[PDB]
Amino acid sequence: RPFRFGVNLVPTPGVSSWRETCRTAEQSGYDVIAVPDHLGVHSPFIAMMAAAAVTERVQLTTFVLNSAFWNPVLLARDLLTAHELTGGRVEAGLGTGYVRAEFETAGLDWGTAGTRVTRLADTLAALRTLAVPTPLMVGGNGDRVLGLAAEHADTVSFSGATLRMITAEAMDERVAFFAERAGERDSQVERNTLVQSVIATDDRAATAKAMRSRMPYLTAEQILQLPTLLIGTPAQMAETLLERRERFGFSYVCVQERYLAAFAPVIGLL
């Protein structure tokens with residue numbers, strides 16, 4: 001699958017730079033602007049409309065919605081509106097939610113991991129029944145969540161950092177698990193992951209050795225294979241992404257806002 005690159009931007013209350021930041025993302029060659037779903041962050045679909053008004057080619061995605069925050073019928077209303085009024089530029093990533101304090105602040109039941117995944121399941125089923133036109137992404141590494149992505153999603157997002165970094169070998173197993181559940185639909189589902197850190201260096205080997213301090217359970221060799229880290233020159237990072245597309249199927253790669261400019265040269269090469 002051809003590469004698509006995203007940057008996860010945080011639209012921040014009290015800061016006046018949103019439209020400028022979105023323009024910088026598009027001008028730097030990103031294909032997707034991704035926004036999160038948190039209390040204390042701007043509301044995601046409203047922020048995405050503001051981004052759409054100042055950009056022309058990028059897709060806009062949630063990354064990912066906290067399913068506890070959304071009534072499925074009203075979310076379907078939001079998605080149809082975002083789709084029609086942007087001319088088809090909106091995608092919806094969904095997940096279970098994970099910050100308990102936000103559940104408590106909003107007056108919502110934290111429940112159990114099982115009830116939070118069931119809410120995601122119920123919402124995905126309802127959105128598909130309502131035939132929402134926005135492509136749907138499902139994120140998260142749990143068995144049930146990957147099973148729901150296999151059933152319902154256009155894009156599956158694998159998490160590489162739980163932060164505890166997951167090894168390439170554990171990611172091999174998660175991708176294979178997803179593929180087995182997807183069965184005949186596997187070829188129809190785009191695979192995404194978020195790179196947490198983009199570390200520009202002329203000595204990737206010395207860099208990985210120093211990073212063992214923050215990841216003691218890993219060898220330097222494992223660190224250089226972590227899907228959530230990109231280390232080296234732009235050319236080395238492009239080669240790494242080519243290898244990881246072959247290994248994991250990852251063609252939709254997102255980075256964090258702080259690394260927007262660091263990663264842009266890799267887009268130039270790929």
# chains A, B, ... in the order shown; residues from 1 in each chain; ligands from 1

call {"tool": "residues_around", "arguments": {"residues": "residue 99 of chain A", "least_positions_apart": "3", "cutoff": "9 Å", "atoms": "only C-alpha atoms", "output": "ChimeraX atom specification"}}
result
/A:38,102-103

call {"tool": "closest_residue", "arguments": {"among": "A:221, A:129, A:236, A:68", "to": "residue 109 of chain A", "atoms": "only C-alpha atoms"}}
result
A:68

call {"tool": "select_by_dssp", "arguments": {"residues": "segment 172-267 of chain A", "states": "helix (DSSP H, G or I)", "output": "PyMOL selection string"}}
result
chain A and resi 172-188+204-214+220-223+234-248+257-267

call {"tool": "residues_around", "arguments": {"residues": "segment 149-158 of chain A", "least_positions_apart": "4", "cutoff": "9 Å", "atoms": "only C-alpha atoms", "output": "ChimeraX atom specification"}}
result
/A:93,124-125,128,135-141,144-145,171,174-175,178-183,185-186,188-194,252

call {"tool": "closest_residue", "arguments": {"among": "A:208, A:238, A:195, A:260", "to": "residue 23 of chain A", "atoms": "only C-alpha atoms"}}
result
A:260
